[PDB]
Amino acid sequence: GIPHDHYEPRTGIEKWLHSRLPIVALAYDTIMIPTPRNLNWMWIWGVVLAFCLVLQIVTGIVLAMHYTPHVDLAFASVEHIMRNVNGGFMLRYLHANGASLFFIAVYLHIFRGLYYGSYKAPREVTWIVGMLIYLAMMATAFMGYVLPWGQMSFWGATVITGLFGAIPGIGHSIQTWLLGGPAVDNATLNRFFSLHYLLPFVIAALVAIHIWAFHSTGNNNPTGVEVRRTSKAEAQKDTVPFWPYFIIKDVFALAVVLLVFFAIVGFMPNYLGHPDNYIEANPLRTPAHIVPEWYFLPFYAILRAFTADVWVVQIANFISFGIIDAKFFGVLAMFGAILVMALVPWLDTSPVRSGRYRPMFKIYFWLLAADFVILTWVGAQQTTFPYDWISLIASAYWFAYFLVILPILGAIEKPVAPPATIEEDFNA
């Protein structure tokens, strides 16, 4: 709710249109929103994500025109796309590596938010909608990965549908329902195709609410200091209109990102992937080096850290009369790691928005960042010593950060003082 200037019908076509459907007015008020002048490069990832969503959707629709969702034809059909379809090879690689770009970008987008308190009031809804988008993105990418029907596809599907089989009582049922039968088979591939096509639109719809949400509150900036709302006058001292100032910075950033992205796709399209998915699904044999998609590794690491021998698991197994064994504990830990991140707005008790002015916070935050990288890295290692320990410590730190450290720092930290205005900070 920043004070600024609203749209004015000039042309005749404009006035005619405006008295019937104020769509040009809305576009204008959206493209002309006053944005803090001090945003830095870490504010470009939202645009990279919007682009990725569009990229994934158009290349997806196209791939779906040549793809056959049937166990006897799925893999052959992806090879037909690669060898026969005009530009098929490039479209396939763009969709595949696009998934990676999509995640590299959300993780940077997410951590940017964790650091500057972009989730703090009044931005909780923006944050929650974003969390929903994140869950959808994961479900979408998982189903997409199953479509090729390669080895990683089949076993990854077996394992992920297995997660639901771990829920006590109703579990076996939910798993049978997701599979459409006793095992991962054609009925499974068929429904995953339909859902892989549907979810991206749900995401698009959520992204719409996401944009509306941050537009309602105005963007946060690196200082955590809001834009002055008292008068157009000072508000302008703090901002510049989104168009063309930021629209251009964003498009420029996007071009640089796409430069690297296309270099990857053109020169090392298979680097971020798993060689075993170039082997046809074999229901009678699991590859020795099965490993999840990199953007899934950290959560995967948390899950397998919890074996029957872990003390907290043993305590849990005892105290719950066995309902909660390691299997279910690992599943809870994994979904729980995502859930605590969703709750951060209510776990961070500090009233200081930007972590730029929080000396103790900066330490735990960077430990969290390093922890994420460590988790990702251990996920690709074996379960033997010392990886088993590293994964436990990394998982421990993750839950510690959200459930213990953040609520404590709130009452214990001595925050440095922030500028009194964005203007102030900008000139500096």
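Don't overthink the numbering: it's just position in the shown sequence, from 1.
Of 164-172 and 138-146, which one has the bigger average CA B-factor?
For C-alpha atoms only, the mean B-factor is higher in 164-172.
Between 240-248 and 209-217, name whichever shows the higher mean Cα B factor according to the PDB entry.
Higher of the two, by average CA B-factor, is 240-248.
Highest Cα temperature factor in the entry, among the options 298, 130, 200, 355: which one is it?
That would be 355, according to the entry.
Quiz for you: based on the deposited Cα B-factor, which of 293, 280, 325, 234 is highest?
Of 293, 280, 325, 234, 234 has the highest C-alpha B-factor.
Quick one: classify residue 285 as lowest, middle or highest third of the chain based on its Cα B-factor.
Its C-alpha B-factor belongs to the middle third of this chain's values.
Can you tell me whether residue 186 has a C-alpha B-factor in the lowest, middle or highest third compared with the other modelled residues of the same chain?
Residue 186: CA B-factor falls in the lowest third of its chain.
Quick check for you: using the entry's CA B-factors within this chain, is residue 76 in the lowest, middle or highest third?
Answer is lowest: the recorded C-alpha B-factor places it there.
Split the chain's modelled residues into thirds by Cα B-factor; is residue 60 in the lowest, middle or highest one?
For residue 60, whose C-alpha B-factor we compare with every modelled residue in the chain, the answer is the lowest third.
Consider only the C-alpha atoms of the modelled residues in this chain, order them by B-factor as the entry records it, and name the third containing residue 370: lowest, middle or highest.
Middle third - that is where residue 370 ends up once the chain's C-alpha B-factors are sorted.
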